[PDB]
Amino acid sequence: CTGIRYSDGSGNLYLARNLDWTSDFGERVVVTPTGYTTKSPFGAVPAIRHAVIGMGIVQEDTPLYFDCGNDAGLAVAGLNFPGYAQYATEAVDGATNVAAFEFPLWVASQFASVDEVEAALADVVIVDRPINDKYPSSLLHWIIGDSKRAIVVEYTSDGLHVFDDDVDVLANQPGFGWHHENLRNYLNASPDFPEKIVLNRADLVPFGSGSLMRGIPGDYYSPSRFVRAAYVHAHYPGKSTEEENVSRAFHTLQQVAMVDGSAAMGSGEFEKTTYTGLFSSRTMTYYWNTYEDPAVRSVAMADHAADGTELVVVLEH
């Protein structure tokens, strides 16, 4: 998984991610309306304050989101983090106890800005409370963004960590602090087309574009995708239309996507980008494509009963 957050300079939020996995994820577009009766194990989600749309599944009449945004311009994506994610085993009195499966629902249904979430995170404990026996708690970390900025949330063996994500990207393991320091290993990567370079007495000119981009890794390893996404995302010029900003998400994430054959897991199956999803607050719309079809599909929250009482598993797009 790799995720990005950006804006259009006019207060609109774009948050997008690749879902990387070895097989079909079973993902569906799920709308959570304001009238839905919540099922929050520790009361962290007592009611839906903001309607939510995103990719996930429904179990026990509960939306299990992989990524989602709400009707107030805040979005969140949960990216794989096994070996580093380690949730609390029990709720803590007086804390905001959030089941791991409901954390993105908590972010999106409760708050309207990163400022609000970050303040609420001061007392948050994320608890290993599986939705049921079929689905243990996914081991994840999260990127949360509004039109202004992004934060990263990592709950590990020594507790809750919240980071200022000043590169607006996230990948997988290891922790965000490690990736951020790792950026300092690529200080000579640049899109610039250099003036002619004389090495000793050799006149060296570029073959073409990208001569100073050398060093940006192209492998599928999580630290490499973080660096490659951080570079591409930082240098992508800002856009002011919905169409160009949708195109920016899918192009940026194709730069860090995974295709068949190039990197196996321990099972021998190849990890692939199974879907790429984007939430746009400007149009209150979730866009996506899949490994099998690059055409962009979309579901608008305005097309569904966002003030209804039941979770909507969207079939039409």
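In this text, residue numbers run from 1 along the sequence as written.
Asks: Using only the Cα atoms and their B-factors as the entry lists them, report which of 29 to 37 and 270 to 278 averages higher.
Replies: Taking the mean C-alpha B-factor of 29 to 37 and of 270 to 278, the larger value falls to 29 to 37.
Asks: What stretch has the higher average Cα B-factor here, 279 to 287 or 43 to 51?
Replies: Between 43 to 51 and 279 to 287, it is 43 to 51 that shows the higher mean C-alpha B-factor.
Asks: Checking the entry, which one of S247, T96, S147, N185 has the top C-alpha B factor?
Replies: Among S247, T96, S147, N185, the PDB entry lists the largest C-alpha B-factor for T96.
Asks: Between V167, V124, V162, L79, which carries the biggest CA temperature factor in the record?
Replies: The C-alpha B-factor peaks, among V167, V124, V162, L79, at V124.
Asks: Classify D67 as lowest, middle or highest third according to the C-alpha B-factor given in the PDB entry, relative to its own chain.
Replies: It belongs to the lowest third of the chain when residues are ordered by C-alpha B-factor.
Asks: Could you tell me which third, lowest, middle or highest, the C-alpha B-factor of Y84 occupies within its chain?
Replies: As the PDB entry reports it, the C-alpha B-factor of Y84 lands in the highest third of its chain.
Asks: Would the CA B-factor of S113 place it in the lowest, middle or highest third of its chain?
Replies: Middle third of the chain for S113's C-alpha B-factor.
Asks: Divide the modelled residues of the chain into thirds by Cα B-factor and specify which third, lowest, middle or highest, holds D219.
Replies: It falls in the bottom third of the chain.
Asks: Ordered by C-alpha B-factor within the chain, which third holds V296? Give me lowest, middle or highest, please.
Replies: For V296, whose C-alpha B-factor we compare with every modelled residue in the chain, the answer is the lowest third.
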